[PDB]
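Everything below concerns the one structure shown next.
Along the sequence shown, the residues carry numbers beginning at 1. Both backbone and side-chain heavy atoms feed into the values below; hydrogens, waters and symmetry mates do not.
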Amino acid sequence: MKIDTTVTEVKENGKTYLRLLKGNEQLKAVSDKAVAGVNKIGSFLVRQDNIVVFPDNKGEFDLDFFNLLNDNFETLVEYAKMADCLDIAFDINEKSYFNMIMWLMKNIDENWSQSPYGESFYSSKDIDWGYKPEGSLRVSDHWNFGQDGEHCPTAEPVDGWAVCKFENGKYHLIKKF
Ligand SMILES: [Mg+2]
């Protein structure tokens with residue numbers, strides 16, 4: 001879907017801002033909470049109050065993917081708040097990230113925990129860098145890391161966002177996003 005990507009320097013209350021005036025108008029046909037942004041394939045940024053659409057080099061954005069964000073906006077904002085992310089970013093190549101968040105917000109409960117260091121989540125509060133209880137889950141996009149694959153090793157290859165279960169010293173895939 002094509003939108004206007006001309007950038008205008010607008011003065012508002014004594015400060016200057018870059019805005020896509022016509023693009024912002026046109027996004028009203030598809031959402032009441034979308035803004036057209038400026039920075040080659042296109043991306044999106046989900047903020048607390050709106051979705052920013054960064055069009056591709058044709059001035060076009062993927063409306064089908066946009067509709068997933070727009071229709072499930074409250075879940076995305078709740079995820080970002082929970083995970084301590086000011087905003088969250090998507091590409092057409094980030095459907096697995098979207099699907100992870102949807103699954104996580106449905107399945108998480110008060111006894112889950114998050115890594116202190118990023119967007120990795122655990123089904124227990126009894127987790128640290130060196131101990132995982134058997135049967136506990138981990139939701140993450142990075143596996144088999146550190147030197148020689150020592151950290152969060154998996155029984156078989158896991159590339160990208162996944163849910164795995166810990167048994168006998170290794171993670172075992174149960175859902176690939
Ligand atoms: Mg065992």
Side-chain angles (χ1 to χ4, degrees), residues 27 30-35 37 39 41-54 61-177:
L27 285 170
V30 303
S31 171
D32 38 31
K33 51 192 182 291
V35 199
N39 43 47
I41 280 309
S43 73
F44 303 92
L45 185 70
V46 180
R47 310 197 283 194
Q48 204 201 201
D49 278 328
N50 48 71
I51 300 162
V52 187
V53 175
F54 294 99
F61 73 96
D62 197 281
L63 178 68
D64 288 334
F65 199 91
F66 175 78
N67 280 332
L68 288 168
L69 307 180
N70 193 52
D71 288 349
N72 299 287
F73 175 77
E74 294 84 359
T75 303
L76 293 169
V77 169
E78 173 182 26
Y79 169 81
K81 183 174 172 202
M82 177 269 295
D84 184 358
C85 283
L86 245 175
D87 50 30
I88 56 198
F90 295 94
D91 323 288
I92 201 193
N93 270 44
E94 292 308 323
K95 185 56 182 292
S96 61
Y97 185 41
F98 176 87
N99 281 341
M100 184 280 301
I101 295 167
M102 293 304 111
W103 182 91
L104 183 68
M105 296 314 293
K106 190 50 181 59
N107 284 275
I108 199 170
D109 61 49
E110 199 89 326
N111 278 7
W112 283 54
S113 65
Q114 183 183 351
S115 174
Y117 315 111
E119 293 170 71
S120 290
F121 308 89
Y122 298 92
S123 64
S124 175
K125 282 181 191 305
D126 298 344
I127 299 274
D128 48 52
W129 202 250
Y131 173 73
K132 310 294 187 291
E134 293 202 301
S136 69
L137 306 183
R138 178 174 186 258
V139 179
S140 181
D141 65 340
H142 63 120
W143 307 90
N144 302 288
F145 64 96
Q147 194 172 354
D148 292 356
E150 64 190 310
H151 307 312
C152 296
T154 62
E156 301 290 341
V158 181
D159 160 68
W161 286 105
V163 188
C164 296
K165 196 190 262 263
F166 199 81
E167 297 294 342
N168 310 312
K170 282 182 207 173
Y171 277 110
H172 309 264
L173 181 65
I174 68 138
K175 184 172 183 78
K176 185 63 166 106
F177 289 111

- Item | Closest approach of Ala162 to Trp143 (non-hydrogen atoms, all atoms of both residues) | O-CZ2, 3.6 Å
- Task: Inspect the surroundings of CD1 in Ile174 and state if more than 12 heavy atoms from other residues, nucleotides or ligands are less than 6.0 Å away.
- Result: yes
- Message: If I take atom CG from residue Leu27 and atom CG from residue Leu63, how far apart are they, to the nearest 0.5 angstrom?
- Response: 9.5 Å
- Message: Distance check, rounded to the nearest 0.5 Å: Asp62 atom CG versus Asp91 atom CG?
- Response: 11.0 Å
- Could you give the distance from CG (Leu69) to CG (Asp64), rounded to the nearest 0.5 Å? 11.5 Å
- For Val35, the side-chain contact (heavy atoms from CB on, under 4.5 Å) test, sequence neighbours excluded, returns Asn24, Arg47, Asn50
Tell me which donor-acceptor pairs under 3.5 Å the side chains of residues 120-138 have, and how far apart each pair is, sequence neighbours excluded?
unit_1, atom_1, unit_2, atom_2, d
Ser120, OG, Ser140, OG, 2.9
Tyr122, OH, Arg138, NE, 2.9
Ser123, OG, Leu137, N, 2.8
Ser124, OG, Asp126, N, 3.0
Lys125, NZ, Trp112, O, 2.9
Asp128, OD1, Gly130, N, 2.9
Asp128, OD1, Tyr131, N, 2.7
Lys132, NZ, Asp128, O, 2.8
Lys132, NZ, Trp129, O, 3.4
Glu134, OE2, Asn168, N, 2.8
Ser136, OG, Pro133, O, 2.7
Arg138, NH1, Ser140, OG, 3.4
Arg138, NH1, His142, O, 2.8
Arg138, NH2, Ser140, OG, 3.2
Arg138, NH2, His142, O, 3.2

- Item | Pairwise side-chain hydrogen bond (donor to acceptor under 3.5 Å, both in side chains) hits with a residue in residues 68-78, at least two apart | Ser31-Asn70, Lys33-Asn70
Sequence neighbours left out, cut at 3.5 Å: what donor-acceptor pairs do the side chains of residues 94-111 make with other protein atoms?
unit_1, atom_1, unit_2, atom_2, d
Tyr97, OH, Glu119, OE1, 2.7
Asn107, ND2, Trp103, O, 2.9
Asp109, OD1, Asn111, N, 3.0

- Message: Can you list everything that forms a ring-ring contact (aromatic ring centres under 6.0 Å, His included) with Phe44? Sequence neighbours excluded, please.
- Response: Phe65
- How far apart are the closest heavy atoms of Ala155 and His172, and which atoms are they? CB-ND1, 3.5 Å
- Rounded to the nearest 0.5 angstrom, the CD-CG distance for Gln48 and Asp87 is 11.0 Å
- Message: Once side-chain hydrogen bond (donor to acceptor under 3.5 Å, both in side chains) is applied, what residue pairs with a partner in residues 147-163 remain, sequence neighbours excluded?
- Response: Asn144-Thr154
- Testing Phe90, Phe66, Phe54 for ring-ring contact (aromatic ring centres under 6.0 Å, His included) with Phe61, which one passes? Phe66
- Got more than 12 heavy atoms from elsewhere within 6.0 Å of CD1, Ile92? no
- Query: Counting N and O atoms only, with roles assigned by atom type, does the side chain of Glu167 sit under 3.5 Å from a partner on the main chain of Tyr171, one being a donor and the other an acceptor?
  - Reply: no
